[PDB]
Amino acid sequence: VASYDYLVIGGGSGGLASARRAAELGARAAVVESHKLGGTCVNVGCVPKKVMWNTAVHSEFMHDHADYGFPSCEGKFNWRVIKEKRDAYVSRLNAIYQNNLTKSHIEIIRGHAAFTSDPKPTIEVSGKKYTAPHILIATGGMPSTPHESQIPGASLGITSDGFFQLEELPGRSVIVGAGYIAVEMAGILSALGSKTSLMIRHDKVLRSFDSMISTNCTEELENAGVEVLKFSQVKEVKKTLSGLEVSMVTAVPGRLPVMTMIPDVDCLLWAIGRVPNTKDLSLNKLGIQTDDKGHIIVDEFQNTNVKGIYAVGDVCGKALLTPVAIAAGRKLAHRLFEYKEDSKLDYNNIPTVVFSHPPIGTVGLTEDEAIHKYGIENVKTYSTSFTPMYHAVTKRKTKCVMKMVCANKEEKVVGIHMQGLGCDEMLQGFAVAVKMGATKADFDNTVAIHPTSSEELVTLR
């Protein structure tokens, strides 16, 4: 049995970051990866998604050419052109992350790892065993699909995984789900010319976000040509001559349930959740604790219930973001290999961007969350809504909405929420300020940058 200081299962965001930082501290480390380095984000996540978003963004701005004094464009978007370049870029990234490991002198173990029943924590890959005083589980998750038993034909639909295998633009797309991935997918497919529907269980998307964002994002989706099918879910999917037929039930409150057949669907995309990647880890061989969804349970230091075994990232089911897996991974490395006992990730005030159109930026508590935590008497929100001067000369419009959530007498900024042009690049700095415990006076004492959208956040009244 080959022994290391650090065995890391999964060469994705969390695994790579943690192994690399451990190695910097002197650890003899190995990374196990059954597929491609970079994991979900690089291969079927953040990176390819962003490239597709950028493409969609081009399509959106192109509508404004004539308004800006430019001749109109020629017609045909070509999905295949961007797909090939996206693929190549992902390949470049894979090669880069492989090299990062090697130059870090981190061993790369190719294959699927599973734990053994061996007393001291030990894994097996392709018949070979490996052990370490410290084993990180960073296996991530994967897209959820409905069982055939619940929804006959569901397997005819694809997921975000399949999305990145698409070779052509689907003529007609139905996206099922109301979370950020669903929204991003629908927004991209629609902007690029797919006749797109987004099917949601209630009245708005992003219901976990601040209500202003939930409302605005749903509206902007509709304004952009995305058909939002409210209080609707899939009952069955059937293969037809032209593509797929989606039978859905719509049950709007105050109305009667009605079943509708959606014909001629080229692409049915399930975006209804992620399942952790733990099924084949043989976690039970060591009594490693999971929840009923298969998420690995950890304390605030990413410890599992078993000594010498840790978990970070999507596999733990909390804040499923690349930078979060990375930060928890690095904090863990510092704790184990720099003996910083207090080293852990603070899961409060993690910023998120949703790449809708326009993009969404959020950090901290929703207004409701603040209300519950501080008391309605101790929360004061400031908000504004405007049309960015970018649109001063266009017939097409998007809105910018901003909300600042303040708590207590000092008006501590405990939440910032926004959607609008530039909001994707706008958030990071404000997240630093919020992390620092900025009050509203801190914002107001900061001189504005004009003319930008961002200045509106430091001149709210």
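For clarity, a rigid core is taken as the largest C-alpha set superposing within 1.5 Å between two forms. Note that residue numbering begins at 1 and tracks the sequence as displayed.
**Q** Name the stretch that deviates more in 9 other deposited structures of this protein: 23 to 31, or 66 to 74? Use RMS CA distance to the shown form, core superposed.
**A** Comparing 66 to 74 with 23 to 31, the one that moves more in 9 other deposited structures of this protein is 66 to 74.
**Q** Can you check whether 311 to 319 or 251 to 259 lies farther from the displayed model in 9 other deposited structures of this protein, averaging C-alpha distances as RMS after superposing on the core?
**A** When 251 to 259 and 311 to 319 are compared in 9 other deposited structures of this protein, the bigger C-alpha shift is seen for 251 to 259.
**Q** Looking only at CA atoms, which has the higher mean B factor in the entry: 126 to 134 or 326 to 334?
**A** Taking the mean C-alpha B-factor of 126 to 134 and of 326 to 334, the larger value falls to 126 to 134.
**Q** Where do the C-alpha atoms have the higher mean temperature factor in this entry, in 114 to 122 or in 77 to 85?
**A** Going by the record's values, the stretch with the higher mean is 114 to 122.
**Q** Specify which of 296, 275, 183, 200 carries the largest Cα B factor in the deposited PDB entry.
**A** Comparing C-alpha B-factors across 296, 275, 183, 200, the maximum falls on 275.
**Q** Highest Cα B-factor in the PDB entry belongs to which of 384, 173, 94, 150?
**A** Top of the list by C-alpha B-factor: 150.
**Q** Could you tell me which third, lowest, middle or highest, the C-alpha B-factor of residue 458 occupies within its chain?
**A** Lowest third, going by the recorded CA B-factors of the chain.
**Q** Taking the values exactly as deposited, rank residue 439 by C-alpha B-factor within its chain and report the matching third: lowest, middle or highest.
**A** Answer is highest: the recorded C-alpha B-factor places it there.
**Q** If you rank every modelled residue in this chain by C-alpha B factor, which third holds residue 421: lowest, middle or highest?
**A** Its C-alpha B-factor, which the entry lists for residue 421, ranks in the highest third among residues of this chain.
**Q** When the deposited Cα B-factors of this chain's modelled residues are ordered and cut into thirds, is residue 217 in the lowest, the middle or the highest one?
**A** It belongs to the lowest third of the chain when residues are ordered by C-alpha B-factor.
**Q** Using the temperature factors of the C-alpha atoms in this entry, rank residue 62 within its chain: lowest, middle or highest third.
**A** Top third by C-alpha B-factor.
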